[PDB]
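There is one chain below, alone, in structure tokens, taken in the form deposited in one PDB entry.
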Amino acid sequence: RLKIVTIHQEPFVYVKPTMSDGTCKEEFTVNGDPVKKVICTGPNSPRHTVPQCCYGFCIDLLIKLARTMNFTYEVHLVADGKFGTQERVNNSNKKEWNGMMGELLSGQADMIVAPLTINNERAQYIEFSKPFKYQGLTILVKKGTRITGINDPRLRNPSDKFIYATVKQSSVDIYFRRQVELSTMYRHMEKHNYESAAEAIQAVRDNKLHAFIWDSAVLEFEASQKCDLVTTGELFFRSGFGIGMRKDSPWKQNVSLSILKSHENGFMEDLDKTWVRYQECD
């Protein structure tokens, strides 16, 4: 049985408590079909790991992959709650990956099934399937806020009058560490970065964070569901999400094959109509 690691990230992965009896609430999609739910163990003050209910775009994809490739699995949420960047550890010069990247490389996971950004930095250590989704980075702000994009002066010439940030240890860090100007901006963001996307988004709603830089697939969904939040500027650092596996895995070819077929037969498009574009904000 493959150990699949994922992370809370609506609409790709929803995480909810189980019912008192340990089962998952029966729900239905916008089409009337049952929502497929899997048990995913992970962190819920003292930290506790417990069985929870997971569902969403990536869970449906996982279920399809498992059926197509005939494998069984067990899902768990990344222990440190991060996507993954490489940093020095234990105050030494030894570098290790944190987040889902670290769990895959350590063997705690055999496959990463989540909205994981494909980039050169990560590709040096793991293998990615071809993209199952094409997207990029954008910016989330409160309705009414005026910003041109990543080149806006309030971003390029930072001030305590307009606070912007991202989520720590994600591909946004990787991307910004590739340009001097962006590097400076990231150092400034570092003082405000959040632990999770959900917390940063809530901060924008509460007017505690003026701009949140993150994945457009996630931000456009959030903005489409909350009439008080909007995305702004042109997308930058276009990239795709892919399934992550260790180098020389026996699953890479078949995973990419399944993803290709899903892009060909409408399966991926159907996931978008089920989980991304289906209702107005409320």
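In this text, residue numbers run from 1 along the sequence as written.
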Between us, would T117 come up missing in a third or more of the other compared entries?
no
Taking the other PDB entries of this protein that cover both neighbours, check whether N44 lacks coordinates in at least a third of them.
yes
Might you work out how many residues are unmodelled in the deposited sequence between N44 and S45, and answer none, 1 to 3, 4 to 9, or 10 or more?
4 to 9
Segment of higher mean CA temperature factor, 55-63 or 225-233
225-233
Look over 240-248 and 215-223 in the entry and identify the one with the greater average Cα temperature factor.
240-248
Selection by C-alpha B-factor (highest) of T166, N98, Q135, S159
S159
Member of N193, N119, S129, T85 with the greatest C-alpha B factor (per the PDB record):
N193
When the modelled residues of the chain are sorted by Cα temperature factor, does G149 land in the lowest, middle or highest third?
highest
Among the chain's modelled residues, which third holds the C-alpha B-factor of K3?
middle
Compare the C-alpha B factor of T18 with those of the other modelled residues in its chain, then answer lowest, middle or highest third.
middle
Lowest, middle or highest third: where is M69 by C-alpha B factor in its chain?
highest
State the tercile, meaning the lowest, middle or highest third, of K25 with respect to the CA B-factors recorded for its chain.
highest
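There is another form of the same protein, the form deposited with a partner chain bound; it is not shown, and what comes next is about it.
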Select from the listed residues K191, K208, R146, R178 the one whose heavy atoms reach within 4.5 Å of its partner chain in the bound PDB entry.
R178
With its partner chain left out of view, which of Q108, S196, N119, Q202 would have a heavy atom within 4.5 Å of it in the bound PDB entry?
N119
Answer among 96-104, 122-130, 70-78, 161-169 for heavy atoms within 4.5 Å of its partner chain in the bound PDB entry: the stretch 122-130
Under a 4.5 Å heavy atom criterion, is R238 part of the interface with its partner chain in the bound PDB entry?
yes
My question is simply whether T23 lines the interface with its partner chain in the bound PDB entry - judged by any non-hydrogen atom within 4.5 Å.
no
Partner proximity in the bound PDB entry: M19 to its partner chain, non-hydrogen atom cutoff 4.5 Å
no
At 4.5 Å between heavy atoms, is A66 in contact with its partner chain in the bound PDB entry?
no
Direction of C-alpha distance change in the bound PDB entry, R177 to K130 (at least 3 Å)
farther
